[PDB]
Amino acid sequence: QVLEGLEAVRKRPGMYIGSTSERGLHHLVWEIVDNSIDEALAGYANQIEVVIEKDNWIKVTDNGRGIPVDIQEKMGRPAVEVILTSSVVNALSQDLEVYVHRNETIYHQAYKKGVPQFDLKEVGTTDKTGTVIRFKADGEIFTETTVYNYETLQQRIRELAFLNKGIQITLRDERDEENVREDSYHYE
């Protein structure tokens, strides 16, 4: 059960993500980015964008197939809900949002500490496929710092692009609207 899983992750977060230090905070980004890379290596995505948003929200966008939304056999819930309510990133985020572009439709769900706040809802239409995940790390868990280091993200994003040639991976810092930094990596 999903609620018992959320309890277990939040009780011993370091056993899942290594630590709750600044290292563990950045690990949240890598968990999400690794899923986008998996989708690229499977043959379905080639562009990943990581944005550090105002108040240290992280937004990760990919142009994969979109996390499936079909009503699943096990849970009787949309697949995306099942997948995200078992995500360690969701459990350790005070807030998380997903937008799935799939079936020419945009689907949205939001969560707090892993708990869905409402049922998956159709919010719009689209001519693309892919997934947007936005999350705010839980300061109750990450007690040292919740502020991302641009250089730390940049170094690993550049490395990921070099290791997975053909994937365009972009990093953008929007925390200061007057001074926005972007680096874009695409190895050939």
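Quick note: we count residues from 1 along the sequence shown, nothing fancier. By rigid core we mean the largest C-alpha set that fits within 1.5 Å across both forms.
Determine, for 71-79 and 90-98, which one has C-alphas that on average lie farther from this form in 9 other deposited structures of this protein; superpose on the rigid core first. Output: 71-79, the stretch lying farther off on average in 9 other deposited structures of this protein.
Taking the recorded C-alpha temperature factors, which stretch has the higher mean, 65-73 or 42-50? Comparing averages over the C-alpha atoms only gives 65-73.
Between the two ranges 74-82 and 112-120, the one averaging a larger CA B factor in the entry: Mean B over CA atoms: larger for 74-82.
Could you say whether, by C-alpha temperature factor, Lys128 belongs to the lowest, middle or highest third of its chain? Within its chain, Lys128 is a highest-third residue by C-alpha B-factor, going by the deposited values.
Can you tell me which third, lowest, middle or highest, the CA B-factor of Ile141 falls into for its chain? For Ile141, the deposited C-alpha B-factor lands in the middle third.
Taking the chain's C-alpha temperature factors as the reference, tell me which third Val33 falls into: lowest, middle or highest. It belongs to the lowest third of the chain when residues are ordered by C-alpha B-factor.
Third of the chain's Cα B-factor distribution that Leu160 belongs to, per the entry: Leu160: CA B-factor falls in the middle third of its chain.
Grab the CA temperature factor for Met15 from the record and place it in the lowest, middle or highest third of its chain. Within its chain, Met15 is a highest-third residue by C-alpha B-factor, going by the deposited values.
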